[PDB]
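Okay, here we've got a single chain as structure tokens, the form deposited in one PDB entry, with questions on binding and movement later.
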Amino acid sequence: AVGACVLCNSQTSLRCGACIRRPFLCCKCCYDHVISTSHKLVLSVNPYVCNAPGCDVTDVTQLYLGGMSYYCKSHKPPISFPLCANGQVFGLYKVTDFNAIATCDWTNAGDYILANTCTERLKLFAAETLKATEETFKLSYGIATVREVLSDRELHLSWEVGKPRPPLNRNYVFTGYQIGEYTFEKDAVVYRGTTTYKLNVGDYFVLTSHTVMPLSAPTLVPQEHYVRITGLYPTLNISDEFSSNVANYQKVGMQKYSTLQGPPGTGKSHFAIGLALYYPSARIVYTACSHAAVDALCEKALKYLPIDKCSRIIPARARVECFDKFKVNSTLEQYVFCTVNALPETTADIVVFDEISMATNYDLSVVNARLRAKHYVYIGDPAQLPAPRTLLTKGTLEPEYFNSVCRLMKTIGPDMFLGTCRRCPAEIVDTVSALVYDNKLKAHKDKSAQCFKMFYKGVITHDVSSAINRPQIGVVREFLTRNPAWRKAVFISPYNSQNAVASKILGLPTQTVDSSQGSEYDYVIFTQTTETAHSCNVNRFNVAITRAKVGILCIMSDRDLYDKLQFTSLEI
């Protein structure tokens, strides 16, 4: 009922009744908002509505204070003050960007650009508003009632009329009813339920929308710079394997927070785990948005850090299988590995947050709200894939706008930059170096002479918005007969439908460019499928070709990215 202004902190009884988040606005800022937007409902102890019986006047501009009550022009008593006067909405204790965040639908890229260029308190309001909007949008899709069951990985569904059909990919997790979360893949659909329950005909699914909690802590704490390493105690006996990062581990102790831009295979998990061997007394909470990224940190920690002092935090509502080698849910262990949504309310000497391009400003704030740390380290790469923004359909979101950390890495540069790629053949390293790294990524390996590119547009068929290019999978099939060493390759494409087809025709294991992020394969076969803005995204293209250690075959649709690939060209 009584709080502080989300724009200038001035205390107030006023909240905008028309904002989806009902932000507390002060007398001055509340006016500047109601007078510039369709938002005219103002909430105090009592709402600002005409007290006259059955009068439906709720617009604060058309209301007045008569005695200690509120009335419109038609019912105001002789002695009355217009609620809107002198640039103020009457309340207690007596902005252009705030209006755009309050009224936007989050479908344009300029909406996300603003949610990142604004003040710190408006970044939290934007994050709070966007997530609530994203969640209410989930209520606006049709229910799937089972019509029949084929096998243990197949069934047929009956969709709700009038309400749309949502996309079928692991990117949209349904919730069955209460028989666990379920996923689907294209008349015979594949049912992938978290719980092994014999699919009941008639049982229905619903996209589980969660309550959006208010954000309190900033996306980034205020930066502090120190004269010496603070609260952390370094070893002088620091393993030669981690000698390359000694200087950067010292920068970590001489700042409140630090940003590390680590391109593919430059030593991000090495840096993260080596930080624990450099400050061995220090308690480190390892966080990431995805379970796969918290597990990738676990696999590196298993190798270099004592298994007893490690704990893998697993949320009680167990969704997908994760890391099984640490003691589970021991919040007090020196090394805690946990996803941002499952983070407990604790403190740490250092907090490492990896895969920073996948974080949102909502995630950044949750991290600063649940973990109080001496030091914060943000590891990732703004040249890699960001979190998918389900409501965004108009315009492409640039890296400086993924989150506050990525904004810093693209504007002032990262504090630390891992510049030598030790995974990829020089053909791949030189290509991504020129494409997204300003020629600052260096190749540790030589050219493998196993990196091929083929310009083949083929034929694009659509299965709803997901694309398939059978002539591109046919060209791969031809290639494999003549290059049987490529039998061990992972098939990568920007579309799951293209992958579903290539899995049946080639038999190769399948990965979307997005699900391949953080992983490495000896050989990669990539079919671009289409020459759309999705498949031609340079961040997605960067992740696509940097998965390969030994060889890559790129069947290209785009003349632009094909001409940018520094690979051996193939004919057919």
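Each residue number is its position in the shown sequence, starting from 1.
Among the other PDB entries of this protein that were compared and that flank it with modelled residues, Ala318 is left unmodelled in a third or more. According to the record, the deposited sequence contains 4 to 9 residues between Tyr177 and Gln178 that were left without coordinates. The segment from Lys94 to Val95 is interrupted, since 4 to 9 residues of the deposited sequence in that interval carry no coordinates. According to the PDB record, 156-164 carries the higher mean C-alpha B-factor of the two stretches 156-164 and 364-372. Higher mean CA B-factor, judged across 258-266 and 128-136 from the recorded values: 128-136. Among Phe271, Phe452, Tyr204, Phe402, the highest C-alpha B-factor in the deposited entry belongs to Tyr204.
Out of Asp111, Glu148, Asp430, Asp446, it is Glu148 whose C-alpha atom has the highest B-factor in the PDB entry. In this PDB entry, the Cα temperature factor of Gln384 sits in the bottom third of its chain's modelled residues, the lowest group. Ranked against the other modelled residues of its chain, the C-alpha B-factor of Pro53 as given in the entry falls in the middle third.
In this PDB entry, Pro23 carries a Cα temperature factor that places it within the highest third of its chain's modelled residues. Looking at the C-alpha B-factors along this chain, the one for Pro425 belongs to the lowest third. When the CA B factors of the chain's modelled residues are split into thirds, the value for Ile545 lands in the lowest one.
Omitted from view is the form deposited in another entry, to which the following refers.
For the conformational change between this form and the one not shown, the C-alpha atoms of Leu83 and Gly110 are best fitted by the superpositions of different rigid parts.
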